[PDB]
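Step one of this worksheet: look at the structure below.
Just so it is clear, none of the values below were taken in a lab; they were calculated from the coordinates. As a convention, Cβ positions derive from the backbone with ideal geometry for all residues, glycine included, and neighbour counts pool all protein chains shown.
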Amino acid sequence: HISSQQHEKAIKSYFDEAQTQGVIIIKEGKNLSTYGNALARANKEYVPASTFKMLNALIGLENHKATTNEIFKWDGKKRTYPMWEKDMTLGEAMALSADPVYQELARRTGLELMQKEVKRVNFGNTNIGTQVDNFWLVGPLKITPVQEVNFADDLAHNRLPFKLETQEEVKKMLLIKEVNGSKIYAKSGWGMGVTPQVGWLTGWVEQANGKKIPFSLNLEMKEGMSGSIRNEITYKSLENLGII
């Protein structure tokens, strides 16, 4: 019964109230819907930042560079955040967004194989440059919010060109919340290198009845915003639209 004018106004106001500029793309079946207070962001390119971890994991598992139970040991060096100073599986490193683990995985993959696989998957602009362990942070790899939600839709439905078991293993790593019989799978991103800074939350809702609704939030992060604004805006949006 709620007008779409009213949905548009409410979701816009969640971005307005967080004092950011951002878009959330929702995909239902084949239809893409764009909401937020900066709709033109939807087809602009930004660094994927930590969202690239989902593909990094698929590539590393498909090519036998790691298994899902393997423990990546902390090497004992000081790490940007204390929560990263511990031993982790890929799945724990996914949830904490632990760059050192995923950097180790990228080095095991190596520049050549990473380039061939990022091309084969057609992710974003497909260009990873010549440094295998930082191309997702400050260029040259870029991707639009439309491309991110289409990647999430592909993973949610097992349509990427990787084994089914590989896709299932990576999807178990991405479960971040249950809400009234609904499961949210998503990976967050915060590109602190680039100016302006970019924030992501990309994933899908799996509803009770089995339907999967992909989404990609993309916003500008400003000095001294909480990371959890990505979660709050996403949850409020999906709830406003009755998706969760």
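Odds and ends about this structure:
- Cleavage-rule hits (GluC sites (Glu not before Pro)) in segment 83-139: DSSP loop, at most 16 neighbouring Cβ within 10 angstrom: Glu85
- With respect to the chain, whose longest principal axis is taken over its alpha-carbon atoms, helix 229-240 is tilted by about 40°.
- Note on the chain: GNM, Cα springs under 10 Å; of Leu96, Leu55, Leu137, the largest mean-square fluctuation is that of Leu96.
- From least to most packed, judged by other beta carbons within 10 angstrom and beginning with the fewest, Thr195, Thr51 follow the order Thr195, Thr51.
- Sorting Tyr81, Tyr14 by the number of Cβ atoms found within 10 Å of their own Cβ, with the fewest placed first, yields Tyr81, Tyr14.
- Between segment 113-129 and segment 172-212, the alpha-carbon center distance in angstrom: 22
- Over all other residues within a Cβ to Cβ distance under 9 Å of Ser97, the charged ones net out to +1, with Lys and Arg as +1 and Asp and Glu as -1.
- Mean residue ellipticity (222 nm) of the chain, computed from DSSP H runs ≥ 4 via -39,500 (n - 2.57), nearest 500: -11000 deg cm²/dmol
- In segment 166-244, trypsin sites (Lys or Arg not before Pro) in a DSSP loop with at most 14 other beta-carbon atoms within 10 Å: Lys211, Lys222
- Neighbour-limited loop hits for GluC sites (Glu not before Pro), segment 148-232 (at most 10 other Cβ within 10 Å; DSSP other than H, G, I, E, B): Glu223
- For segment 132-229: rounded, prolate or oblate by the Cα gyration tensor [a/c cutoff 1.5]: oblate
- Candidates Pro140, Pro214, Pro48, ranked by Gaussian network fluctuation over the chain, Cα under 10 Å, top entry: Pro140
- Inter-part distance where segment 134-155 and segment 1-34 are each reduced to a Cα centre, Å: 21
- Residues with amide H under 5 Å from that of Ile176, placed H, sequence gap 5 or more: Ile184, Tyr185, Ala186
- As a rough footprinting exposure proxy, the listed residues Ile176, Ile26, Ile143, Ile71 were ranked by other beta carbons within 10 Å of their own, and the order from fewest upward is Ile71, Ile176, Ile26, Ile143.
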